[PDB]
Amino acid sequence: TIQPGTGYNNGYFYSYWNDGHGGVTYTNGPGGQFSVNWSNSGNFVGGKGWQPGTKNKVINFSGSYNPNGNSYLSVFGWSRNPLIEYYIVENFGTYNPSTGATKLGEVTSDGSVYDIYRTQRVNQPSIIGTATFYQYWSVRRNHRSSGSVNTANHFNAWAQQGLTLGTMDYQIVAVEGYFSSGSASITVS
Ligand SMILES: O[C@@H]1[C@@H](O)[C@H](O[C@@H]2CO[C@@H](O[C@@H]3CO[C@@H](O)[C@H](O)[C@H]3O)[C@H](O)[C@H]2O)OC[C@H]1O
């Protein structure tokens, strides 16, 4: 594993965050590759990409994703002013993150329809400290662990529906888990 934090590796930004619970290891590999191994973890997020992201980046990902429990695989990042945590969810484990959320539209992109949602986090950790903030979601109907994501299609559809983003902070392909186990090996470009 590596130490939780951020930085650059082989030309790609990375970010590895966890809640301190234990049970998760994160490793940086050659080029845009990263691996995650977890067993009875807490909450964590790790992956490679860019800092800052952009609003029209085409992001490619390829590899294996084997969750056992609650986990997501997504194009993931933040904006500032307004503070937003966003997800383009390509696959997940036992929990669809939009469960119970209100559907705010549809967008077709990169071989699937996606459903659009907004949720809210109350007094949770963020890139600026503990805060209350909205989250934006595009959830892919046809799950996959390789593909291409045209981020502009998502950001434009969100804006059309009233979900506007601020200035872009980091933007990565992320594996997230919440009290689960699994393994993953993903290459970004
Ligand atoms: O020490 C600071 C870190 O906490 C910070 O990193 C961010 C911490 O919050 C993470 O957010 C969670 C992502 O997963 C969701 O399910 C949770 O609800 C969020 O709270 C965020 O992804 C990390 O980047 O960075 C700055 C450090 O000073």
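Counting convention: from 1, in listed order, for ligands and their atoms alike. In this chain, numbering begins with 1 at the start of the sequence shown. Atoms considered below: every heavy atom in the structure, side chains included; atoms not considered: hydrogens, waters and symmetry mates.
- Side-chain atoms of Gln33 and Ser35 form a donor-acceptor pair, as typed in the model, at a separation below 3.5 Å.
- Any N or O atom pair closer than 3.5 Å counts here, and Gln124 shares no such pair with ligand 1.
- Looking at ligand 1, you'll find an N or O of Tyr170 within less than 3.5 Å of one of its N or O atoms.
- For atom 27 (C) of ligand 1, the protein comes within 4.0 Å by no heavy atom at all.
- Residue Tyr87 has at least one heavy-atom neighbour below 4.0 Å for each of these atoms of ligand 1: 14 (O), 15 (C), 16 (O).
- No donor-acceptor contact under 3.5 angstrom links the side chains of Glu90 and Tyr65, judged on distance only.
- Nearest protein neighbour of atom 3 (C) of ligand 1, counting heavy atoms only, is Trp17 CD1, 4.0 Å.
- With ligand atoms numbered from 1 in the order given, ligand 1 contributes 16 (O), 18 (O) to contacts under 4.0 Å with heavy atoms of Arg121.
- For the 3.5 Å distance criterion, the side chains of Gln135 and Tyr117 fail to qualify, holding no donor opposite an acceptor.
- Close approach of ligand 1 to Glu85 is summarised as follows: ligand atoms under 4.0 Å from at least one heavy atom of the residue are 11 (O), 12 (C), 13 (C), 14 (O), 15 (C), 19 (C), 22 (O).
- When only non-hydrogen protein atoms are considered, atom 2 (C) of ligand 1 lies nearest to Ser126 O, 4.8 Å.
- In terms of hydrophobic clustering, with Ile, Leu, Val, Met, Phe, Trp and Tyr side chains grouped at heavy-atom distances under 4.5 Å, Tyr87 and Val107 are assigned to different clusters.
- There is no side-chain donor-acceptor pair under 3.5 Å between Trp137 and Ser74.
- Residue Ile127 has no nitrogen or oxygen atom sitting less than 3.5 Å from a nitrogen or oxygen atom of ligand 1, judged on distance alone.
- Within the 4.0 Å heavy-atom shell around ligand 1 one finds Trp78.
- The distance between the ring centers of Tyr72 and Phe92 does not fall below 6.0 angstrom.
- Taking the six-membered ring where the residue is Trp, the centroids of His21 and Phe44 are separated by 6.0 Å or more.
- Under 4.0 Å from ligand 1, the heavy atoms of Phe76 that appear belong solely to its side chain.
- Distances between N or O atoms of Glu176 and those of ligand 1 include at least one value under 3.5 Å.
- In this structure, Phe44 falls outside the shell of residues with a heavy atom less than 4.0 angstrom from ligand 1.
- Atoms of ligand 1 found under 4.0 Å from any heavy atom of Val45 (numbered from 1 in listed order, with element): 13 (C), 14 (O).
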> Does the side-chain hydrogen bond (donor to acceptor under 3.5 Å, both in side chains) test come out yes or no for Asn10 and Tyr12, once each step is laid out?
Replying inline: CA-CA 6 Å; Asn10 299 322; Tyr12 287 91; over 6 Å; no
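- In terms of protein heavy atoms, atom 20 (O) of ligand 1 is closest to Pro125 O, 2.8 Å.
- Between the side chains of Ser148 and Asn60, at least one donor N or O sits under 3.5 Å from an acceptor N or O.
- Under the 6.0 Å cut-off for aromatic ring centres, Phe34 and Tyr14 do not qualify, their centroids lying 6.0 Å or more apart.
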